[PDB]
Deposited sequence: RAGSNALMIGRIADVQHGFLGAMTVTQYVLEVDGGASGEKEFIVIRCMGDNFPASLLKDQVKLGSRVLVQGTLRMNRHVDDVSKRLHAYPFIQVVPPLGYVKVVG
């Protein structure tokens, strides 16, 4: 399921999961969603095209299933528009 969104980068992560390095961003749209990328700076206004992932995981403490949604950029792009 594809999504096209506009907003401001509020945070940046250089991270790792499942043997792969990833860059993540917090996009403020006020709500936020994480962008996951497998010239974008803090405070940049961006347009993002990618796949909306609900990304449900079981909470360690409550043992309840929650979504941890993200836009998957692989096909996909994030372009500075500010």
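Undergrad: Wait, which stretches of the deposited chain are just not there in the structure?
TA: Comparing the full sequence with the modelled residues, the uncovered ranges come out as 1-3, 33-39, 49-59, 96-97.
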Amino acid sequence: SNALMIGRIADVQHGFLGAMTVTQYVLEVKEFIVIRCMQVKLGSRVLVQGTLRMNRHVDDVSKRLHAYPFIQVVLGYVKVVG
From here on, numbers count along this sequence of modelled residues.
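Undergrad: Using only C-alpha atoms and the B-factors in the entry, which stretch averages higher, 6-14 or 63-71?
TA: Per the PDB record, 6-14.
Undergrad: Highest Cα B-factor in the deposition, which of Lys30, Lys41, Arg56, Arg36?
TA: Of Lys30, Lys41, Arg56, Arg36, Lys30 has the highest C-alpha B-factor.
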